[PDB]
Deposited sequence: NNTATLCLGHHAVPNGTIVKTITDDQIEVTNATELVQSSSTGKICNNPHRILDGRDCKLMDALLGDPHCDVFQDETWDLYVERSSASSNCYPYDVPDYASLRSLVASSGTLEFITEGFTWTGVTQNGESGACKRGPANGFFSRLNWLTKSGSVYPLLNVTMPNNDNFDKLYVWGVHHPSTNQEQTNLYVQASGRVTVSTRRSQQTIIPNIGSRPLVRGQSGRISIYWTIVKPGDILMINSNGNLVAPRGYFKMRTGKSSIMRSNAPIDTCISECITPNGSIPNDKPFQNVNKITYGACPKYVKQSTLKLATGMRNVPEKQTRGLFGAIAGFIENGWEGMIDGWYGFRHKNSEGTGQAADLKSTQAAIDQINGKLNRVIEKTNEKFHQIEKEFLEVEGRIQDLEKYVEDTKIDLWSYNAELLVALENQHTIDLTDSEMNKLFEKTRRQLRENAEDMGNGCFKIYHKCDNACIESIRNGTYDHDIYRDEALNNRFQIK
């Protein structure tokens, strides 16, 4: 009963987590959290974004009005989902700069179509084809009007349609490419047709292409599709002496967050802000390894499959040399704090957590967690990142831009976790050392550092005395004479 021992320590856990730091690729901490989202349910949630399942309809075919796509008339979407099983079943066509028209319509997010009163004098309208059947009957794109000769004449068509509204109009039209010179003359009379579609400030002027091509649904001819945007106060003009596949009206254009995605994932009734072709994913983590293609408020795509952020101190079953240093060992029985005191005196032994030092470490770790885990990434219509055809220069560049981006963000994520982990380990070591130093300072000349995180207190120090040290009210003067006598033999 003439001396007491007061030992400082920190908690420990039976199963820790291995994390990476600046100096160690593998080091065990008490707790960590995963920063990379690597799983999806495999389904696209239908809220909060308006999802339109294209089913067997490509957006381009829903736009032109392929007969199997009539149910998509006037549809809207935040995200149009294009299925790989979708196919075209109308007159065979191509779209110079297909990707751009698909993109601009996808971004517009509506197929709202307004029929206009184009006057086509002196021609036969509403041409139909065995390539574009409605049941057994010949048919054609709903939004296009295939004009041919009337009697022995195809006149010079010259028509206008002013835009007197306050929104932009999108016109989609085509040019028919016959298989032979004979077909050219049979349909259009003139041996060389031409289609010129213009506004006051722009024009597209096209000549038909003649030649036999592989039969598609019985047809060797083809249509090429073009588009024209007409702004308020501007006007559409169409001038043709043959081969014109006319528009029936315009699509309203909108701006907003709409886009299109290629996916075969089923749609489900649930809520998720982030969508990938693999399905919706949670956005609670800052990074994800599910797909570079995303839509909505999403974690950033990185190459890593896991990045673990330490959320507790080193686990011992640092710059300051306290944790895993002069303190040999963590305490598994300390579950109400991160740091604390054990003591041994006349009245027995005991353990108490230190609230203030525990809270300081927790507050600092929560601070970095809040910084890191803060959702900051919301992107909608972007660039394409997977490609079905070889194209060369433009595709090389699109791929390189995305690859460059991913490599830079993977770098940021890797560094972030290594630096943060090194600092977490160092600040928790720091808090342990600061509590030790504060205790040392309280004790003045009445105790000695045993070298293992323990003080030998050279006087009788009962439970209330120990509590005075723990709560920062120890009065060293009260015990000094006793202590100096015991330490040094002074009186």
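Engineer: When the deposited sequence is counted from residue 1, which ranges lack any model?
Structural biologist: In the chain as deposited, only 318-322 carries no coordinates.
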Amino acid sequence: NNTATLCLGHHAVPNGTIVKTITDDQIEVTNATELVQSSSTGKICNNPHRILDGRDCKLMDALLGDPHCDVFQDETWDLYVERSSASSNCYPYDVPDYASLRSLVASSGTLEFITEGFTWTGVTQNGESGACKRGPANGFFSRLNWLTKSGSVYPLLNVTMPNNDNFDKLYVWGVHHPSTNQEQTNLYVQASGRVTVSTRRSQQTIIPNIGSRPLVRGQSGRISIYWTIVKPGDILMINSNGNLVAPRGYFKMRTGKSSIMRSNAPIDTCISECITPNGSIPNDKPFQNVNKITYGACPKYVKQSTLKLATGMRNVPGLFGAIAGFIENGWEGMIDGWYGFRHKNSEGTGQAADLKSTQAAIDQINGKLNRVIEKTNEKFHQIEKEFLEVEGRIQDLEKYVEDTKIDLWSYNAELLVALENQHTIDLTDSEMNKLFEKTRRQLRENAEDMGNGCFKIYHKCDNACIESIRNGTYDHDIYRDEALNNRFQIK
From here on, numbers count along this sequence of modelled residues.
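Engineer: Mean C-alpha B-factor higher for 40-48, or for 431-439?
Structural biologist: Comparing averages over the C-alpha atoms only gives 40-48.
Engineer: On average, are the C-alpha B-factors higher in 327-335 or in 78-86?
Structural biologist: The stretch with the larger average C-alpha B-factor is 327-335.
Engineer: Please work out which residue in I425, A447, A464, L63 has the highest C-alpha B-factor recorded for this crystal structure.
Structural biologist: If I rank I425, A447, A464, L63 by C-alpha B-factor, first place goes to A464.
Engineer: What's the residue among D403, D396, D94, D354 with the greatest CA temperature factor in the PDB record?
Structural biologist: Checking the PDB record, the top C-alpha B-factor among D403, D396, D94, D354 is at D354.
Engineer: Where does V29 sit by CA temperature factor within its chain: lowest, middle or highest third?
Structural biologist: For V29, whose C-alpha B-factor we compare with every modelled residue in the chain, the answer is the middle third.
Engineer: Would the CA B-factor of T115 place it in the lowest, middle or highest third of its chain?
Structural biologist: Ranked within chain, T115 CA B lands in the middle tercile.
Engineer: Taking only the Cα B-factors deposited for this chain, tell me whether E386 sits in the lowest, middle or highest third.
Structural biologist: Within its chain, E386 is a lowest-third residue by C-alpha B-factor, going by the deposited values.
Engineer: Sorting by Cα B-factor within the chain, modelled residues only, which third would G127 end up in: lowest, middle or highest?
Structural biologist: Ranked within chain, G127 CA B lands in the middle tercile.
Engineer: By its CA B factor, does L144 count among the lowest, middle or highest third of the modelled residues in the chain?
Structural biologist: Its C-alpha B-factor belongs to the lowest third of this chain's values.
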